[PDB]
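Worksheet: the structure to be examined is printed underneath.
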Amino acid sequence: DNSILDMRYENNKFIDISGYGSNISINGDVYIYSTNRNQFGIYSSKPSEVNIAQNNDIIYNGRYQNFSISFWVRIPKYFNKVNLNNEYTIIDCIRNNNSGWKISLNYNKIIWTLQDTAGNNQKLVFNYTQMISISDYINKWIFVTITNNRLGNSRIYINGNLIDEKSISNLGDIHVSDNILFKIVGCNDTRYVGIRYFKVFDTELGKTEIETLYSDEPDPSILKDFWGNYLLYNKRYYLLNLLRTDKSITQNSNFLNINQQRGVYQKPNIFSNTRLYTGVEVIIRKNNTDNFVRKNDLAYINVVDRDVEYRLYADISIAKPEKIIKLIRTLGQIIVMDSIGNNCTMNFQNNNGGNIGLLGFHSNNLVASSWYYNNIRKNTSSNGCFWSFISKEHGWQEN
């Protein structure tokens, strides 16, 4: 749009597509996601780094240049005592170990540091926890945005929302580094972090600008899985209902219940969360060039039980607004895929396109209900028809 630095990974290499003129290099082993090449990972125990040699024109020095930075970061769940009080840098733009800025992490924190040549500094911190039933942050892509008004405050936004701000009137000459180094430094454990869509702007981004970056960067037409990655067809997932997050989805007779508790998994003083990997496993099948599930796609949802797939079927014989879901071994119906932010919805329709109802639950059983069409709570994920697909991954391990 108008950033002075915009890093993307294209054609097997990082590049500043802003056309402003910064050069980027890689060193050691840098992980590149196959589903989204713009997502890369860096490690703490072996040579691994990405370095942007900034165009001389963006190597700010004075005391009046406003600037902002934005990027998404994914941090695996911490599970070792060594992680508890160990702050490590991930993005470094500090000059001679003094002036500039850097983004660093620590157990339960994302830290921004801005410092001038005289040593005066200001820090902004985002706090999150590992003692929580369901986390919107642990091992999920988190959108960060720091904005700096030299005549005002520095501000930190998380997923488009202002978390904290402080005056930087105590800051004089800020001289950033010639380089922006993406590398884990100071971490005492074997760890990695994921990052994507890093950018730098030569103005103080406003709330509106940031919301756009938040909803527009990852392809908005593609549904997301529980972690924030692209939702995929032909891939096994566990199910999570956003209204009943402490409940597991289990196979009864040919029905699916949602009254059983998802256990809790914890490790004293490190974490305590509701268990994610539990309940039935589901797979999404297409009704052409990739396996990304897009808004309005027509698909089938099957429960995979002992390698045998069973189609979720909305029993339309009932005649109530709630059509109880039943399992029929693999028809007559189709599901329209869609999303509300990171929330996924599945709309059952008959072969004629007539609406049956959004997948949700009534009492202790899953159902397709037309009640949802006119009863969706606007700005919350707390809707019985809102779902999340959880894929078992290395970044989040359980008992």
### Query
Projected area of segment 94-202, taken from the Cα convex hull and averaged over every viewing direction, in nm²?
7.8
### Task
Report the paramagnetic label zone for residue 253: residues of segment 296-318 whose backbone N is under 17 Å from a point 7 Å from Cα along the Cα-to-Cβ axis.
313-318
### Task
Take the alpha-carbon centre of segment 301-316, take the same for segment 33-89, and report the distance between them in whole Å.
42
### Task
Return the subset of 295/378; 77/199; 123/295; 123/267 for which the Cα-Cα distance in this structure is over 28 Å, preserving the input order.
123/295; 123/267
### Task
Calculate the spin-label point distance for residue 219 paired with residue 65, positioning each point 7 Å from the Cα along the beta-carbon direction, and give it in nanometres.
3.6
### Query
Net charge near residue 326, counting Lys/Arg +1 and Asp/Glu -1 over other residues with Cβ under 12 Å of its Cβ?
+2
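Compute the convex hull volume of the Cα atoms of segment 226-399, divide it by the residue count, and report the result per residue in Å³ as a whole number. List each step's numbers first, then the result.
Working: hull volume 23.2 nm³, N = 174.
Here the figure is 133 Å³ per residue.
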## Note on the structure
One point scatterer per Cα, no solvent, Debye formula: log10 I(q)/I(0) for segment 1-225 at q = 0.08, 0.17, 0.19 Å⁻¹ comes out as -0.27, -1.37, -1.75
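So what's segment 183-250 giving for Rg/Rh, alpha carbon basis, Kirkwood Rh from the mean inverse pair distance?
Details: Rg = 17.5 Å, Rh = 16.3 Å.
So for segment 183-250, dividing Rg by the Kirkwood Rh gives 1.07.
Using a/c under 1.5 as the rounded threshold, could you call segment 244-319 rounded, prolate or oblate? The axes a ≥ b ≥ c are square roots of the C-alpha gyration tensor eigenvalues, and prolate needs a/b larger than b/c, oblate otherwise.
oblate
Could you give me D for the chain, from Stokes-Einstein at 25 °C and 0.890 mPa s, where the hydrodynamic radius is the Kirkwood radius over C-alpha pairs? Units µm² s⁻¹, please. Kindly include the intermediate steps, with their values, before the conclusion.
Details: Rh = 22.9 Å.
Calculated translational D: 107 µm²/s.
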## Note on the structure
One finds the C-alpha centres of segment 336-397 and segment 243-264 to be spaced, in Å, by 15
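Cβ sites come from the backbone with ideal geometry, for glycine too, and all protein chains shown count toward neighbours. Readers should treat all values here as calculations from the given coordinates under stated rules, not as data from a laboratory.
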